[PDB]
>>> print(open('input-v6.tsv').read())   # TSV, N, CA and C atoms
chain	number	residue	atom	x	y	z
H	3	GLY	N	100.91	104.56	122.97
H	3	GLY	CA	101.65	103.91	121.91
H	3	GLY	C	102.62	104.84	121.22
H	4	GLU	N	102.10	105.91	120.62
H	4	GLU	CA	102.93	106.88	119.92
H	4	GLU	C	103.70	107.76	120.90
H	5	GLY	N	104.97	107.99	120.59
H	5	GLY	CA	105.82	108.79	121.44
H	5	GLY	C	107.20	108.17	121.56
H	6	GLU	N	108.05	108.44	120.58
H	6	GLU	CA	109.39	107.87	120.55
H	6	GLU	C	110.38	108.71	121.36
H	7	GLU	N	111.58	108.15	121.55
H	7	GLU	CA	112.64	108.82	122.30
H	7	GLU	C	113.98	108.63	121.60
H	8	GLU	N	114.79	109.68	121.58
H	8	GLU	CA	116.11	109.61	120.98
H	8	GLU	C	117.14	109.31	122.06
H	9	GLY	N	118.41	109.42	121.71
H	9	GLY	CA	119.47	109.17	122.66
H	9	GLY	C	120.83	109.30	122.01
H	10	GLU	N	121.17	110.52	121.64
H	10	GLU	CA	122.43	110.79	120.99
H	10	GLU	C	123.48	111.25	121.99
H	11	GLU	N	124.66	110.66	121.91
H	11	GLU	CA	125.74	111.03	122.79
H	11	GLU	C	126.37	112.32	122.29
H	12	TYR	N	126.08	113.41	122.98
H	12	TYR	CA	126.61	114.71	122.59
H	12	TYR	C	128.09	114.83	122.96
Y	1	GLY	N	93.85	115.01	102.36
Y	1	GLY	CA	95.27	115.21	102.16
Y	1	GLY	C	95.73	116.56	102.65
Y	2	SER	N	96.99	116.65	103.04
Y	2	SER	CA	97.55	117.90	103.54
Y	2	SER	C	98.07	118.76	102.39
Y	3	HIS	N	97.91	120.07	102.54
Y	3	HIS	CA	98.35	121.01	101.53
Y	3	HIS	C	99.57	121.77	102.03
Y	4	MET	N	100.16	121.28	103.10
Y	4	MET	CA	101.33	121.90	103.69
Y	4	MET	C	102.59	121.18	103.25
Y	5	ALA	N	103.74	121.70	103.65
Y	5	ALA	CA	105.01	121.10	103.28
Y	5	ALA	C	105.48	120.14	104.37
Y	6	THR	N	105.95	118.97	103.95
Y	6	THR	CA	106.43	117.96	104.87
Y	6	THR	C	107.94	118.04	105.02
Y	7	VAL	N	108.43	117.75	106.22
Y	7	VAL	CA	109.86	117.78	106.48
Y	7	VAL	C	110.34	116.38	106.85
Y	8	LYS	N	111.38	115.92	106.16
Y	8	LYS	CA	111.94	114.60	106.40
Y	8	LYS	C	113.04	114.67	107.44
Y	9	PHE	N	112.95	113.81	108.45
Y	9	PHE	CA	113.92	113.77	109.52
Y	9	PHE	C	114.60	112.42	109.62
Y	10	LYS	N	115.91	112.44	109.79
Y	10	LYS	CA	116.70	111.22	109.92
Y	10	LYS	C	116.73	110.79	111.39
Y	11	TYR	N	115.69	110.08	111.80
Y	11	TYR	CA	115.56	109.61	113.17
Y	11	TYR	C	116.44	108.39	113.42
Y	12	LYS	N	117.61	108.63	114.01
Y	12	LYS	CA	118.58	107.57	114.33
Y	12	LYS	C	118.96	106.74	113.09
Y	13	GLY	N	118.73	107.30	111.91
Y	13	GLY	CA	119.05	106.59	110.69
Y	13	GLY	C	117.82	106.30	109.86
Y	14	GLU	N	116.66	106.30	110.51
Y	14	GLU	CA	115.39	106.05	109.84
Y	14	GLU	C	114.89	107.34	109.21
Y	15	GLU	N	114.18	107.24	108.10
Y	15	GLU	CA	113.68	108.42	107.43
Y	15	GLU	C	112.21	108.67	107.79
Y	16	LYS	N	111.98	109.63	108.66
Y	16	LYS	CA	110.63	109.98	109.08
Y	16	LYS	C	110.18	111.24	108.34
Y	17	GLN	N	108.88	111.48	108.31
Y	17	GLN	CA	108.35	112.64	107.63
Y	17	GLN	C	107.20	113.26	108.42
Y	18	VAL	N	107.41	114.48	108.88
Y	18	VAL	CA	106.41	115.19	109.66
Y	18	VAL	C	105.96	116.44	108.92
Y	19	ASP	N	104.66	116.71	108.94
Y	19	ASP	CA	104.12	117.89	108.28
Y	19	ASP	C	104.48	119.14	109.07
Y	20	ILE	N	104.72	120.24	108.37
Y	20	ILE	CA	105.09	121.50	109.01
Y	20	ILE	C	104.02	121.97	110.00
Y	21	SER	N	102.76	121.61	109.75
Y	21	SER	CA	101.67	122.01	110.63
Y	21	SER	C	101.67	121.17	111.91
Y	22	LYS	N	102.39	120.06	111.89
Y	22	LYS	CA	102.47	119.18	113.04
Y	22	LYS	C	103.65	119.56	113.92
Y	23	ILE	N	104.63	120.23	113.33
Y	23	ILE	CA	105.81	120.66	114.06
Y	23	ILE	C	105.44	121.72	115.08
Y	24	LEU	N	105.67	121.41	116.35
Y	24	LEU	CA	105.35	122.33	117.43
Y	24	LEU	C	106.47	123.34	117.64
Y	25	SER	N	107.64	122.84	118.03
Y	25	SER	CA	108.78	123.69	118.29
Y	25	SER	C	110.10	122.98	118.01
Y	26	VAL	N	110.98	123.66	117.30
Y	26	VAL	CA	112.29	123.12	116.99
Y	26	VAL	C	113.34	123.85	117.82
Y	27	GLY	N	114.29	123.09	118.36
Y	27	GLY	CA	115.33	123.68	119.18
Y	27	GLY	C	116.71	123.17	118.80
Y	28	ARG	N	117.49	124.02	118.17
Y	28	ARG	CA	118.84	123.66	117.77
Y	28	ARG	C	119.79	123.75	118.96
Y	29	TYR	N	120.36	122.62	119.34
Y	29	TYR	CA	121.28	122.57	120.47
Y	29	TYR	C	122.72	122.71	120.00
Y	30	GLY	N	122.89	122.87	118.70
Y	30	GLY	CA	124.21	123.01	118.12
Y	30	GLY	C	124.38	122.08	116.95
Y	31	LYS	N	125.03	120.95	117.18
Y	31	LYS	CA	125.24	119.96	116.13
Y	31	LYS	C	123.99	119.09	116.01
Y	32	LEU	N	123.28	118.96	117.11
Y	32	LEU	CA	122.07	118.18	117.16
Y	32	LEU	C	120.85	119.09	117.25
Y	33	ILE	N	119.89	118.85	116.38
Y	33	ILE	CA	118.67	119.64	116.34
Y	33	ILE	C	117.48	118.82	116.83
Y	34	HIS	N	116.97	119.18	118.00
Y	34	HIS	CA	115.83	118.48	118.58
Y	34	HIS	C	114.54	119.21	118.21
Y	35	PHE	N	113.47	118.46	118.01
Y	35	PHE	CA	112.20	119.05	117.64
Y	35	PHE	C	111.03	118.27	118.23
Y	36	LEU	N	109.97	118.99	118.57
Y	36	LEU	CA	108.77	118.39	119.12
Y	36	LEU	C	107.67	118.47	118.07
Y	37	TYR	N	106.98	117.36	117.82
Y	37	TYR	CA	105.92	117.37	116.83
Y	37	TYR	C	104.65	116.71	117.37
Y	38	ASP	N	103.51	117.27	116.98
Y	38	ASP	CA	102.22	116.75	117.40
Y	38	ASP	C	101.77	115.65	116.45
Y	39	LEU	N	101.46	114.49	117.00
Y	39	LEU	CA	101.05	113.36	116.19
Y	39	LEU	C	99.53	113.23	116.17
Y	40	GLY	N	98.95	112.86	117.30
Y	40	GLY	CA	97.51	112.70	117.40
Y	40	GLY	C	97.13	111.73	118.49
Y	41	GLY	N	95.88	111.78	118.92
Y	41	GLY	CA	95.43	110.89	119.96
Y	41	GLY	C	95.77	111.41	121.34
Y	42	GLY	N	96.04	112.71	121.41
Y	42	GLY	CA	96.38	113.33	122.68
Y	42	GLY	C	97.88	113.31	122.95
Y	43	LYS	N	98.58	112.38	122.33
Y	43	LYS	CA	100.02	112.27	122.52
Y	43	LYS	C	100.77	112.79	121.30
Y	44	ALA	N	102.04	113.08	121.50
Y	44	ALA	CA	102.89	113.60	120.45
Y	44	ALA	C	104.21	112.85	120.41
Y	45	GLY	N	105.13	113.32	119.58
Y	45	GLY	CA	106.43	112.68	119.47
Y	45	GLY	C	107.55	113.69	119.41
Y	46	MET	N	108.77	113.20	119.33
Y	46	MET	CA	109.93	114.08	119.28
Y	46	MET	C	111.08	113.40	118.55
Y	47	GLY	N	112.02	114.20	118.06
Y	47	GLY	CA	113.16	113.66	117.35
Y	47	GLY	C	114.34	114.59	117.39
Y	48	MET	N	115.48	114.11	116.91
Y	48	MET	CA	116.70	114.91	116.90
Y	48	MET	C	117.60	114.48	115.74
Y	49	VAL	N	117.91	115.43	114.86
Y	49	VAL	CA	118.75	115.16	113.69
Y	49	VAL	C	120.03	116.00	113.77
Y	50	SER	N	121.00	115.72	112.90
Y	50	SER	CA	122.26	116.46	112.90
Y	50	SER	C	122.24	117.55	111.83
Y	51	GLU	N	123.18	118.49	111.92
Y	51	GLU	CA	123.28	119.58	110.96
Y	51	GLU	C	123.71	119.07	109.59
Y	52	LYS	N	124.50	118.00	109.60
Y	52	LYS	CA	125.00	117.41	108.36
Y	52	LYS	C	123.92	116.60	107.66
Y	53	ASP	N	123.10	115.91	108.44
Y	53	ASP	CA	122.05	115.06	107.89
Y	53	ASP	C	120.86	115.87	107.38
Y	54	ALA	N	120.55	116.97	108.06
Y	54	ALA	CA	119.43	117.81	107.66
Y	54	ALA	C	119.79	118.70	106.47
Y	55	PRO	N	119.06	118.56	105.34
Y	55	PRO	CA	119.29	119.36	104.14
Y	55	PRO	C	119.01	120.84	104.40
Y	56	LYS	N	119.84	121.71	103.83
Y	56	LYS	CA	119.70	123.16	104.02
Y	56	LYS	C	118.29	123.67	103.73
Y	57	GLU	N	117.68	123.17	102.66
Y	57	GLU	CA	116.33	123.58	102.27
Y	57	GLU	C	115.33	123.31	103.40
Y	58	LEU	N	115.50	122.19	104.08
Y	58	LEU	CA	114.61	121.83	105.18
Y	58	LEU	C	115.09	122.47	106.48
Y	59	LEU	N	116.40	122.67	106.56
Y	59	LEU	CA	117.03	123.28	107.73
Y	59	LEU	C	116.53	124.71	107.91
Y	60	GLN	N	116.34	125.42	106.79
Y	60	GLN	CA	115.84	126.79	106.83
Y	60	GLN	C	114.40	126.81	107.34
Y	61	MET	N	113.66	125.74	107.04
Y	61	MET	CA	112.28	125.62	107.49
Y	61	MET	C	112.27	125.40	109.00
Y	62	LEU	N	113.30	124.71	109.48
Y	62	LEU	CA	113.44	124.44	110.90
Y	62	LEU	C	113.79	125.72	111.65
Y	63	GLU	N	114.38	126.67	110.93
Y	63	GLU	CA	114.75	127.95	111.51
Y	63	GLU	C	113.48	128.76	111.77
Y	64	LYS	N	112.50	128.59	110.90
Y	64	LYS	CA	111.23	129.29	111.02
Y	64	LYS	C	110.41	128.71	112.18
Y	65	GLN	N	110.62	127.43	112.46
Y	65	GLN	CA	109.89	126.76	113.53
Y	65	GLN	C	110.73	126.71	114.81
Y	66	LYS	N	111.84	127.44	114.81
Y	66	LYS	CA	112.74	127.48	115.96
Y	66	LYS	C	112.12	128.29	117.09
Y	67	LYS	N	111.70	127.59	118.14
Y	67	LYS	CA	111.08	128.24	119.28
Y	67	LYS	C	111.89	127.99	120.55
>>> encode(input="input-v6.tsv", output="structure tokens")
Amino acid sequence: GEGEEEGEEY
Amino acid sequence: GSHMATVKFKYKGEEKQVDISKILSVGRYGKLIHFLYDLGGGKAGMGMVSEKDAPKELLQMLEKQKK
């Protein structure tokens, strides 16, 4: 359940 | 209750708060600062904030956890 992910366009 | 200092992170716009004792390793990639934190239950989490969004007072703390 726990464990998020990011996704920023560098 | 925890007796440590908590760090607030702007996760994609959301305001998260992780305890300094939970912070595993912080890695500044430049404008974006990625960090790994231990949550619990065997699994952990991660996040990435910007230099502008992260307050200097907390940013300096991230420097200490910079691995």
>>> atom_distance(input="input-v6.tsv", atom1="atom CA of residue 11 of chain H", atom2="atom N of residue 32 of chain Y")
10.1 Å
>>> closest_atom_pairs(input="input-v6.tsv", of="chain H", to="chain Y", cutoff="7 Å", atoms="only C-alpha atoms", output="tab-separated table")
residue	atom	partner	partner_atom	distance
H:4	CA	Y:43	CA	6.7
H:5	CA	Y:45	CA	4.4
H:6	CA	Y:45	CA	5.8
H:7	CA	Y:46	CA	6.6
H:8	CA	Y:47	CA	6.2
>>> atom_distance(input="input-v6.tsv", atom1="atom CA of residue 17 of chain Y", atom2="atom CA of residue 5 of chain Y")
10.1 Å
>>> closest_residue(input="input-v6.tsv", among="Y:52, Y:2, Y:33, Y:57", to="residue 20 of chain Y", atoms="only C-alpha atoms")
Y:2
>>> closest_residue(input="input-v6.tsv", among="Y:6, Y:13, Y:65, Y:58", to="residue 35 of chain Y", atoms="only C-alpha atoms")
Y:65
>>> atom_distance(input="input-v6.tsv", atom1="atom CA of residue 10 of chain H", atom2="atom CA of residue 4 of chain Y")
29.5 Å
>>> axis_aligned_box(input="input-v6.tsv", around="segment 27-45 of chain Y", padding_each_side="5 Å", output="JSON")
{"center_x": 110.3, "center_y": 117.5, "center_z": 119.5, "size_x": 39.8, "size_y": 23.1, "size_z": 16.9}
